[PDB]
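> Just need the structure, nothing else, for what follows:
(chains A, B and C)
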Amino acid sequence: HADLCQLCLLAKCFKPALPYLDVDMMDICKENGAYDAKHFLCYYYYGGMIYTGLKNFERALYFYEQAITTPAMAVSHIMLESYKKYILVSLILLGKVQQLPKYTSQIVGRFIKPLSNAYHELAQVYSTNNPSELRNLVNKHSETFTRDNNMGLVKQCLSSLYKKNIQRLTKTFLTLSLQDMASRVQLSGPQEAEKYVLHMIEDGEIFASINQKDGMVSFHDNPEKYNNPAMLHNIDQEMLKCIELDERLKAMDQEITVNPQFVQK
Amino acid sequence: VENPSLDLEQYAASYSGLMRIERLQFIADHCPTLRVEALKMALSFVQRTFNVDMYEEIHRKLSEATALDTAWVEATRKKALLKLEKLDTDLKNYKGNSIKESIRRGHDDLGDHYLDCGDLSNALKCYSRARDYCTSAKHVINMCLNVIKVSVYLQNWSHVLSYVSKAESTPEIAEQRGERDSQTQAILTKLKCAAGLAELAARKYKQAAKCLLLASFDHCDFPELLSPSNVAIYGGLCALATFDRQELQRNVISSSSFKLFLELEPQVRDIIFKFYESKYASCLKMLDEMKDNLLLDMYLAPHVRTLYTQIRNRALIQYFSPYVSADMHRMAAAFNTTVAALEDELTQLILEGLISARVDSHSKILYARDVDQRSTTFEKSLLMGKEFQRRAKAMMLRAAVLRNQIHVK
Amino acid sequence: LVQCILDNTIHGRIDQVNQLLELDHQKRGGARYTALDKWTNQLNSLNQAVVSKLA
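Numbering: from 1, shown residues only, chains lettered A, B, ... in the order given. Sure, structure below:
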């Protein structure tokens, strides 16, 4: 799996590798010995890059997290550039850096983190909304962000700051002028803010309508009431995933009970 | 800045001794054209009252601002030391006579000299020994008075908190069953009143006023202690900031014990009454004028900024509480600001604070937003299901990596 | 009206724009939703404990 993902990553054909990344791995092939941790980390790192390229940050963040939580005793080159991308992807999808699992290896907390200090500083700036200050840091540490080849993932953090601030205006406002809107988010122009809101509505990240006559934006914030047959099917689909997931948990539990080693203790 | 309502008669008659100097020593020196006249009255007192160390420590600055008796302070230093040694020998005679009755006044009298002398660091350690020689309930009553007053005078708050808890449990849970419903003298009134001053420094405004409001005016006027004037101000301002409408009515508005303190301070009484009666423009305006006067204090100065912000926040929430949609022009006038400034203050109160509303900047109307209970539960339950399934899959992979014993070596 | 509402004497709110008073003929048997909220919160905390039992 690591080799296939790597091959489709060098020559960019991401679509063929999708069926082997959309399934939840539950077993690891022993392969008659060998199979060191390098192959396991490679699959859950090259898979993160593949999802990141397709702008699927929800599952890309999941893949990077699995690589970090791998038990380890020494810093590896393939794990160092996964804490770094874990921060950037979490800043794009979520509003902040997500908390790592409690059972992560101690090597990441003592050795991996100090090397990744430009990304940690980027997260610190990405806690008080100020695009101008974060712009300076990006152009200051630009040599580091371009050496690790994760350039173009920091520029998306720039855009995500503007979109996050607009998504915050819906928590306090109901109708805002375009001129006034491009003064708290530092968009510097009603025309610029007009297209920023228009893009976000099409993506679905906000519910709003633009009134060009008065130059205002009205935030509806009323997506849907839960009285639909489509929502009933949506809940049922979530039901079948959990029901079938529990069945495979029970199956693997039963095989433990009939294990000759288990019965002794 | 003018102080026409504050006559010098009320200013001087409130404090006594050298505790006045530490009040205007540094904060009151940042306002020109006002200390110069007070220096005339300071030139009559600071020489007296057994001042030895502070005689030269503070006067060195004012000397350069400009004959006198420079040799007057020389003689005082030498004579003071001789007096303490003379009476020590007489005390030791009673101890050697095996008379436990006469030694009782010895330890109490010796600790008294420490306070007036100026050196108080040795009094705290001496008072620790006196605790051991106290087996009767009568002896416990006397030594409790000294320990409370000396702890504050040194400003060691960490030790104050650890030591004041001992005084709570030591005297058999408040003298057994209360000794037939309290004594004639309201000693407990003084106990809480001292605690009220300490709690304010601990950044606990609610507990400070809570343990300051039950004060009985039976003491009337005590020249030997702090004035009642600042007691009303300290209790009133902490009352407005921390307790809600129900507690304010129960403990300040309708409590017929604290109103007597409001008589000697009429300004704070108008503050609380107008706040209760939903009159905000008058309440905030005269509060703002009073701010300059309080800024010259030594005790309320590090709390003026915090308390005022809390009071204004309470006013904003209480103003919008009865409304479902409130015009911003009426609100701006009632809060001494403009519509533009009101918008910026309400956004902070909507993002995190208690206000649940949505500002409409087109017509300048603050609409109240009510969350939909049914949709909220569906959103949270589906979110929990999504998070739970992600955790289950991650744990499932963790089981595989544990069985296979995979690690980076 | 403001004094009564702040005293919890009148159950309603004032619409200052239209000079209206909307009463509180509301608060039906919606205790089911609050019960479900407690169920979700307990399940959220319980799930985390089970995964993080040992490792």
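
> what's whatever residue of the stretch 101-250 of chain A ends up closest to chain C sitting at in phi/psi?
In the stretch 101-250 of chain A, the residue that lies nearest chain C is residue A:103 (4.7 Å; C-beta to the nearest C-beta). (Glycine included, C-beta is placed from N, CA and C.) For residue A:103, the backbone dihedrals (degrees, to the nearest 10) come out as phi -100, psi 30.

> Which residue, neighbours along the chain excluded, lies closest to it?
Nearest residue to residue A:103 in three dimensions, chain neighbours excluded: residue C:55, at 4.7 Å (C-beta to C-beta, 6 or more residues apart in numbering or on different chains).

> ok, the one you found to residue B:10 distance?
72 Å (C-beta to C-beta, to the nearest Å).

> right, and residue B:227 touches residue B:14 too?
Yes - taking contacts as C-beta atoms under 8 Å, residue B:227 lies within contact range of residue B:14: 3.8 Å.

> Any residues of chain B in contact with chain A? List them.
B:346-347, B:350-351, B:358-362, B:367, B:372, B:374-375, B:378, B:382, B:385-386, B:388-390, B:392-394, B:396-401, B:403-404, B:406-409 (C-beta under 8 Å from any C-beta of the partner chain).

> are any of the residues you listed buried, and which?
B:346-347, B:350, B:358-362, B:367, B:375, B:378, B:382, B:385, B:388-389, B:392-394, B:396-398, B:401, B:406, B:408 (16 or more other C-beta atoms under 10 Å in any protein chain shown).

> out of these, who's near chain C?
B:388, B:392, B:394, B:398.

> Make sure the first one is indeed in a helix.
Just to be clear, that refers to residue B:388. Yes - the assignment for residue B:388 is a helix, going by DSSP: H, G, I helix; E, B strand; the rest coil.

> Find the residue closest to it in space, skipping its chain neighbours.
Spatial nearest neighbour of residue B:388, chain neighbours left out: residue C:47 (4.9 Å); criterion: C-beta to C-beta, 6+ apart.

> Next, count neighbours for that neighbour.
Per other C-beta atoms under 10 Å in any protein chain shown, the neighbour tally for residue C:47 reads 16.

> show me what contacts it?
When contacts are counted by C-beta atoms under 8 Å, 6 or more residues apart in numbering or on different chains, residue C:47 touches B:384, B:387-388, B:391.

> If we only consider the ones next to chain C among the buried ones among the residues of chain B next to chain A, which is nearest to chain C?
Once C-beta to the nearest C-beta is applied, the member of these that ends up nearest chain C is residue B:388, at 4.9 Å.

> helix or strand right after the host helix or strand of residue A:250?
Taking DSSP states H and E as the definition, residue A:250 sits inside helix A:229-257. Proceeding N to C from helix A:229-257, the next assigned helix or strand is helix A:260-264, under DSSP H and E.

> Can you list the buried residues in that next one?
Within helix A:260-264, judged by 16+ other C-beta under 10 Å, no residue is buried.

> Is chain B within reach of that helix?
No - taking C-beta under 8 Å from any C-beta as the criterion, helix A:260-264 and chain B are apart, separated by no less than 12.2 Å.

> what sits up against that helix?
Against helix A:260-264 from outside (C-beta under 8 Å, 6+ apart): residue A:256.

> and that helix, how far out from the chain's middle?
Put simply, helix A:260-264 sits 42 Å off its chain's centre (C-alpha atoms, centre = their mean, to the nearest Å).

> Check stretch B:94-102 too.
44 Å.

> Only alpha carbons, please: show it as PDB.
Output of stretch B:94-102 as PDB, limited to C-alpha atoms (Å, rounded to 0.1, in the frame of the first residue of the first chain):
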ATOM      1  CA  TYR B  94       7.900  37.000  88.300                       C
ATOM      2  CA  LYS B  95       8.700  33.900  86.200                       C
ATOM      3  CA  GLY B  96      11.300  32.700  88.700                       C
ATOM      4  CA  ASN B  97       8.800  33.000  91.600                       C
ATOM      5  CA  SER B  98       6.700  30.100  90.200                       C
ATOM      6  CA  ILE B  99       3.600  32.300  90.000                       C
ATOM      7  CA  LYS B 100       1.600  31.400  86.900                       C
ATOM      8  CA  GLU B 101      -1.000  34.100  87.700                       C
ATOM      9  CA  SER B 102       1.300  37.100  87.400                       C
END
